[PDB]
Each structure stands twice: as structure tokens, then as C-alpha cells.
Amino acid sequence: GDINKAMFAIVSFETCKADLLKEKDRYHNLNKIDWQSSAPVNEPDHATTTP
Amino acid sequence: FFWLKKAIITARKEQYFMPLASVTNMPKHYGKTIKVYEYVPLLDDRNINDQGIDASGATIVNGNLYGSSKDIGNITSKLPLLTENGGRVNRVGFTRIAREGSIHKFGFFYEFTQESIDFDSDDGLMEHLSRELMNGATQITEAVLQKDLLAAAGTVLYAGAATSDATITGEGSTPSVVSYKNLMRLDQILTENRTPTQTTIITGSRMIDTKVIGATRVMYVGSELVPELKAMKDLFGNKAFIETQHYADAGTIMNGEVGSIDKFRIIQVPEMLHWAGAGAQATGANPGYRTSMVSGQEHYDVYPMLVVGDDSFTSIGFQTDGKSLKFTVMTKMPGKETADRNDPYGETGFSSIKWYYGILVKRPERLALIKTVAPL
Amino acid sequence: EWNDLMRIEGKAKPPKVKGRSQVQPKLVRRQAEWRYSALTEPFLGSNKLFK
């Protein structure tokens, strides 16, 4: 019943490569993910108003 | 009676072959095919060309100096030698080969009704239905990948004295069970084909009763073959199988590992697929090997045992965001949207899932396989 | 379920019959409608937000 005693919390958000590249040093392994693609966001677990 | 308000659920089935596959990006507006070149070396037999002149100035059939032949007489016969006033004597030729792969489509869907949505005592039914739909999709895709890999093997070693699948039998003088010599031969073949290793040798620890193991390749087996592997004895008659607790120290235990034999670290895969009825007919003299009924006759069951190499194959990715596979889910809840033109009641709905899958085999010599029977 | 009760969807929807009505007044929406603007206003009174 207390948020302060929680061991972990997991949050899912939508981001673009510009946001991640705004701080280069923070993120590693940025490669190995395709960007030259065009796919619906989908992700049934994620709930959003984006069509 | 009082319903518990909680359900009993079974989780997914963990997948082993899908994580290995590497992904090759394929843009759209091209087609359903991907291709690469392959440049063969100078001296291999595959270098069939028509650009050859021997040391005597005369034309010759083969343009490669000497093939993949280790014979000393042949090498001495076909060496390139040059006299002092040399000119226009030795010529060589080159060749390249192409390989391809294609993308296929998949999908399935289900239907439900609005009265079932509402009047049902259990709340949250559609969440459960979505969960089983997704689990089924993942399991099917993994099975398809494993099936294609088993079908596309390049190195095949039948156990015992068999020659084809129909000949693999467990009855008679020489049953077709895996042996220590078969594993040694498989290692020899992979070493000759220059297949890179995966793991490294495990030296000892300082703690009492800890054996030393030097396996260097990873091998996938079914659940049925594990007792047969445990009962194996090496050349001198001692035990062969070494369980994981002996070398868990001074090493890292991989996921789903049962032990190490010879130079392979066995891994048990729950969803391993086996052929049914491939073997020869089984009479009443069965020593206790698994069989199956095909057309009223009991035939033996031929089982896998697979060693996937490195860079052997890649998975084509079509709009998958650089992943092996991505699903697309749609749902339409009942209402006016599903009020049919010939039925404005709108009591039904649906949910559908689909994907694109295809595989490119860059080098099929690295894939290796053993066919055996599995004890009951 | 609470959102369906508020917006009248899912189980809260009235049954459909050809010869009869399908009108449901929205009690929950009404009660929430005054409470929203009752609670919102104090945070917007002054030019400054934090003291």
C-alpha cells in the first residue's frame, strides 16, 4: 500500500530516434534496430490514442 | 457453491531456435526475393571454368591449378612451373554463385458474440482469449522455423548402418541408435568444414569432486533421447555423460542444459519435432523403441539431433522493425460497426493476427544433423 | 468497467429491440461533471502556482 516500498516499476512510452540521439552518451547499442522501415506502432500491450 | 474469481492458466512455451536467427533488413517496393553473390576460392573443385593453359602452352579443361585433392602425385603432376624464357603459360579462372530466399504469409482469426461478452459469469474473458491467441501465434512461428531448419540441413549422418529414412530401424543385428563414434565423426566433419566453435573448454576448480570438460560446440536434442544419451558409454567402457553440477563451478550454465558428452554441450528443447513412421516396419521383436502407426503398420520413429553453426542462415525481415518477426492484431467489438448490412443486430465480432516470414540460407554446409531412434 | 459505466458502453449499454426504446440517462457522468469543475478551480486562481 505504499509507493515508497515498491521494489520496481516498469513504464512503456513512445520515442523517436531524435529523442534518444539528443543525448548520445547515455544510450549504447543504438544500432541493431531498423529505422529505415514503416510499420504501424501496434504493440497490443501498449495502450495509446495513436491510430 | 462459490466461484473463486481466479483462473488457472498455463504460461507460454519457451523458444530456443528463434533467438539464434539473425535478421536481414529487406525494404519494400522490391518484391518477394533476396539474393547474394558468393565468390569461390581459386583451388576448390567448384571453380569450373574454361580459361586454362597448362605449363606446355596447350589448352586444358580445368582452370583451377589442382582441386581440393591432397594426393601428392596429383599435386606434383599439376604444379605451376615456369621456364626462364617464360610467356603465356599458366592461366586461371574464377567463378561466383548466387543464392536466394522468399517471403511467405500467415494468419488466423476467431469470432465471438455480444451476449457471450455480457451475460457470462466470468469477467475478463476476452483478455484470456487474447492471451491464448498470442501464445498460439508465437508457438506456431517457432515450429515453422524449426521445421525449415531441419528440412534444410546440409550435413546428415544416419546412425547405425542405415542409408535412408526408410532404413533407420531398431530391430535386427545393428539397431540404429546414436553412438560415441557417431559423435566423434560429426565433430570431425564440422572441423573439416571450418565451422567456428561456440564455447570454450572448462578447466578445473579447487573444490572436491569436480571433473574437467572440454566441449566446444552446442547440440540440441529432444526430450525423448535424454535417457539414451545418459546410458551411453565411451570407447573404454566408462561413463560418457557428465552432468551439469560437476562443472557448474568454474563455468557458466546455459539455459536448458542437461550435460556434456565428448565435445558437445547437450541442450534439451521441449518443442523438438520428430518424424513419424519414417523408419522400417516394426515386428514383435521390438527391444523397446518408440514406434507409430502408419497405414496399419507399425513403423519406427526417426528423431532429430541438430547442431546449428554460426552465420549459417539469416531471417528476412519485412517491416519487422529489425526483428525476426512482428505481429499485427486487429479487433472489432460488436455494435453498429459490426451491424451487418443484412443483419443490423450486430451481435458478433472478431480478432485477427497475421505476419510475414521467410528465411535465407547463406551457407548450408555448417548445419549438421543426426537421425536416430529414441528409446521408449 | 468504471469507464464503461461512465461512458455507457459494454455491459452498461441498454438492450436492442426493434419496437422499443434505447434511452439511458447518465447519472455517473452528471455527478462527475460538477465535481470536476469543483475541484479544478483552486489550482487556477492566482497568477503563481507554488508558494
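Residue numbers (the deposited numbering), protein chains in the order written: chain A, 256 to 306; chain B, 26 to 401; chain C, 52 to 102. Note that the Cβ used here is the ideal one computed from N, Cα and C, for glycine as well.
### Query
Is the region 393–400 of chain B touching the region 324–340 of chain B, taking contact as three or more C-beta pairs under 8 angstroms?
yes
### Query
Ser293 (chain A) versus chain B: which residues are under 8 angstroms apart at the beta carbon?
Result: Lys53, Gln344.
### Task
Please state whether DSSP places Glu249 (chain B) in a helix, a strand or coil.
If DSSP states are grouped into helix, strand and coil, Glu249 (chain B) belongs with coil.
### Query
Cβ of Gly383 (chain B) within 7 angstroms of Cβ of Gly126 (chain B)?
yes
### Query
Is there contact between the region 227–236 of chain B and the region 186–202 of chain B, where contact requires at least three CB pairs shorter than 8 angstroms?
No, because fewer than three Cβ pairs between the region 227–236 of chain B and the region 186–202 of chain B fall closer than 8 angstroms, the two stretches do not touch.
### Beta-carbon gap between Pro66 (chain B) and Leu90 (chain B) smaller than 7 angstroms
no
### Message
Which residue wins for smallest C-alpha separation from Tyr41 (chain B), given the options B:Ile33, B:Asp287, B:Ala184, B:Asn280?
### Response
Closest by alpha carbon: B:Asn280.
### Query
In terms of residue numbering, what span does the beta strand (DSSP E) encompassing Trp380 (chain B) cover?
Taken as a continuous stretch (DSSP letters only), the beta strand (DSSP E) holding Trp380 (chain B) covers 373–386.
### Query
Would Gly284 (chain B) be called buried (16 or more neighbouring beta carbons within 10 Å of its own) or exposed?
buried
### Task
For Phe338 (chain B), count neighbouring C-beta atoms within 10 Å of its own C-beta (all shown protein chains included) and say buried if the count is 16 or more, exposed if not.
buried
### Message
Taking the straight line between their C-alpha atoms, what separation do you get for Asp326 (chain B) and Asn311 (chain B)?
### Response
13 angstroms
### Query
So, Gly56 (chain B) versus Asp289 (chain A), is the Cβ gap smaller than 7 angstroms?
no
### Query
So, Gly92 (chain B) versus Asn74 (chain B), is the Cβ gap smaller than 7 angstroms?
no
### Task
Counting only the same chain and skipping the five closest in sequence on each side, list residues whose C-beta sits under 6 angstroms from that of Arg388 (chain B).
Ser337
### Buried or exposed (CB count within 10 angstroms, at least 16 for buried), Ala240 (chain B)
buried
### Task
Quick one: give me the first and last residue of the alpha helix (DSSP H) that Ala184 (chain B) is part of.
Premise fails: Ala184 (chain B) is in no alpha helix (DSSP H) and is neither H nor E.
#### Entry: Beta-carbon contacts of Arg315 (chain B) that lie in its chain and below 6 angstroms, excluding the five residues immediately before and after
Contacts found: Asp326, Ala399, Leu401.
### Query
Counting pairs of beta carbons, one from the region 160–180 of chain B and one from the region 360–376 of chain B, are three or more of them closer than 8 angstroms?
no
### Task
Compute the beta-carbon to beta-carbon distance between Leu298 (chain B) and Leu175 (chain B), rounded to the nearest angstrom, for a pair I have assumed lies under 8 angstroms.
A Cβ-Cβ distance of about 7 angstroms is found for the pair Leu298 (chain B) and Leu175 (chain B), placing them in contact under the 8 angstroms criterion.
### Message
Suppose you measure from the CA of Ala46 (chain B) to the CA of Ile278 (chain B); what does that come to, to the nearest Å?
### Response
Cα atoms of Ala46 (chain B) and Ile278 (chain B): separation of roughly 21 angstroms, rounded to the nearest angstrom.
### Query
How about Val61 (chain B) and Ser340 (chain B): are their beta carbons less than 7 angstroms apart?
no
### Short Cβ contact (7 angstroms threshold) for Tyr272 (chain B) with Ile238 (chain B)
yes
#### Entry: First through last residue of the alpha helix (DSSP H) which encompasses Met355 (chain B)
Here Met355 (chain B) belongs to no alpha helix (DSSP H); instead the beta strand (DSSP E) covers 353–357.
#### Entry: At least 3 beta-carbon pairs within less than 8 angstroms: the region 77–87 of chain C vs the region 52–65 of chain C
yes
### Query
Between the region 290–302 of chain A and the region 345–362 of chain B, are three or more C-beta pairs nearer than 8 angstroms?
yes
### Neighbourhood of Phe266 (chain B) by C-beta distance below 7 angstroms, restricted to the same chain and skipping five residues each side
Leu254, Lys255, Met257, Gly284, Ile286
### As assigned by DSSP and simplified to three states, the class of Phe131 (chain B)
strand
### Query
Among residues of its own chain, excluding the 5 on either side of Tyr282 (chain A), which ones have a beta-carbon nearer than 6 angstroms to its beta-carbon?
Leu275
### Message
For the region 288–304 of chain B against the region 243–251 of chain B, do three or more pairs of beta-carbon atoms, one drawn from each stretch, fall closer than 8 angstroms, so that the two count as touching?
### Response
yes
### Query
What residue from B:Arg113, B:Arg71, B:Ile97 has the CA that sits closest to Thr84 (chain B)'s CA?
B:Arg113
#### Entry: Bridge-paired residues (DSSP) for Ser317 (chain B)
Residue pairing by DSSP places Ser317 (chain B) opposite B:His324 in a beta bridge.
### Task
Pull up the distance between the alpha-carbon of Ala123 (chain B) and that of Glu63 (chain B), whole angstroms please.
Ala123 (chain B) and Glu63 (chain B) have their alpha carbons spaced roughly 6 angstroms apart.
### Task
Using a Cβ cut-off of 7 angstroms (strictly closer), state whether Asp173 (chain B) contacts chain C.
Any Cβ of chain C closer than 7 angstroms to the Cβ of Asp173 (chain B) would place that residue at the interface, and such an atom is absent.
### Task
Rounded to whole angstroms, what's the CA-CA distance from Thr188 (chain B) to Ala303 (chain B)? Just pull it up for me.
12 angstroms
### Query
What does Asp143 (chain B) touch in chain C if you count any residue whose Cβ is under 7 angstroms from its own?
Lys62
### Message
By alpha-carbon positions, which one of B:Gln322, B:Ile78, B:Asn72, B:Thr308 ends up nearest to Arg121 (chain B)?
### Response
B:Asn72
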